[PDB]
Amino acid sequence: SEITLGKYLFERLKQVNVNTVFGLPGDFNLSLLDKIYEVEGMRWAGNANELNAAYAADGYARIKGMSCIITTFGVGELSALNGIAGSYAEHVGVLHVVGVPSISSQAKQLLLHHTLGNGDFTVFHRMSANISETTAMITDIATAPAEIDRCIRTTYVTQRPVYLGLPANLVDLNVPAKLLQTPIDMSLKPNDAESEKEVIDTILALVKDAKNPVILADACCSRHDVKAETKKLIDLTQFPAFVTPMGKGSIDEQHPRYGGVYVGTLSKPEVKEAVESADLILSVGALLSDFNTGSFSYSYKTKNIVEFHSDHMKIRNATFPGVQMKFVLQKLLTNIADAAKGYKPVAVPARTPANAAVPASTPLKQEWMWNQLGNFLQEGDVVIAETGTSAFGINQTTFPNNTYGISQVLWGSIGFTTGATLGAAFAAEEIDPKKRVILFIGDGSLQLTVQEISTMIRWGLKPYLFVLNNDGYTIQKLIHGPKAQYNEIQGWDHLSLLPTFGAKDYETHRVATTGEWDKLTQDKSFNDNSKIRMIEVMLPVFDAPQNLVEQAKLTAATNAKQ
């Protein structure tokens, strides 16, 4: 009938489909961590640092729904903040639990370790409040379970980080276990009825009038999961459907009505024209960041833009604050086919043609590779692309249906992906051990977070780690300073990283030509996720996707502008 507060936390996490917990142990969280071992089906990742753990919790949340990272007071929590901030910016539900000193220790304002030496125990909490949806610092066992519940609810429903400070003295206190028999209620507060009705009615009327509507899926389509509603929207309507870089994967790219990746002026010409000639745009989850949009270059010819958002709706210039798109989309699906009844299906832009056959010795180039990559991918894959040439190139790759893309286009923290790949791999394993996790990471980016490969090995996770060796920071060389020393890096022996971190079941490969690329990626053995692999991909220093070359110039200009 009773359970410790620490175990209560993990039982609640299990109820919200969290089975792996990220972070590192320290002075104020050890008794809490003990409780993981008491909950069947819960495991502790054992991360190699707190920043990487936060990146990993983000990757896990994207795939599983939410995540939890646990750190220790001061030294642990502050190391995580860049990971937390990226989860805030990108709308990823990560619960950050911090083990803190006992309530009396704080009251005595002792000169404890891991403090600023001034007796202020609130400072780190105050720092994190800036990048959290909400926070809690537990002080009272009587309200503790409700507060844990509140934090978990908020993390899941808002898909933003939440900070939960747990004093070490409270984790071993028993609370009634019966509390766990009432689930945390994840349902959304229903919309204002009148506002929602007006929104739905006017969208149906615009649909009835439109001769060339299009659907554009963006980040919040995925992050505030309306992927199922959006797929139904595409099917019931037959409208051409496009995706943004940040939303890529949110809609199935083998659907007959999929039209390609829209990136404003940086789109493939046919895609730009197909989208911008629309007489109605159904925009699901827009997040109009510089890199997502070719520096704010959208040029819709219609004023008829319907923006669906998690917390509001916009129709043309009219804003409907608080009207949540989930309920709007669900209700629209009931009548939308009828509204679309006039519609004569418009051709979608054709897929990029396959690469022409070339001699096997042809040196690898980016444009060739991103086009060729679609041959290797399979349904169910998680495909992760690091900020750098990889993030820009992957926009050119055609995904199989049911591909989960991760590209951190807004926050853009290089090194994120090594951690995200660990998190995505734990989550993928839990869902279906057949699902592959495929990473494209730059040589520069890998250096910032390389040690998290260690944690992949420790758990026998089997991602494909494609490392793009172009001898330094190519994306930056295109922005400014093509030969500047700050854009160069120490040259690593990438293929020795796995054995250096103690891998015992692995493969390494190197590819530098089109023949080598095709032979490796077509090999049946290589296509089974039987073990962790690293593939070093040798590419020219200044070679980059064409869209990045232009993006770089636009970005340099924006920064130098007086």
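When you see a residue number, it is the position in the sequence shown, counting from 1.
Higher average CA B factor: 396 to 404, of the stretches 72 to 80 and 396 to 404. Per the PDB record, of the two stretches 282 to 290 and 142 to 150, 142 to 150 carries the greater mean B-factor over its C-alpha atoms. Comparing C-alpha B-factors across 158, 449, 265, 135 in the deposited entry, the largest value falls on 265. Among 190, 472, 259, 415, the highest C-alpha B-factor recorded in the PDB entry belongs to 190. Annotation for residue 494: CA B-factor lies in the lowest third of the chain's modelled residues.
Residue 526: CA B factor in the highest third of modelled residues in this chain (values from the PDB entry). When all modelled residues of the chain are sorted by CA temperature factor, residue 49 is found within the lowest third.
Sort the modelled residues of the chain by CA B factor and residue 486 lands in the lowest third. In this PDB entry, residue 353 carries a Cα temperature factor that places it within the highest third of its chain's modelled residues.
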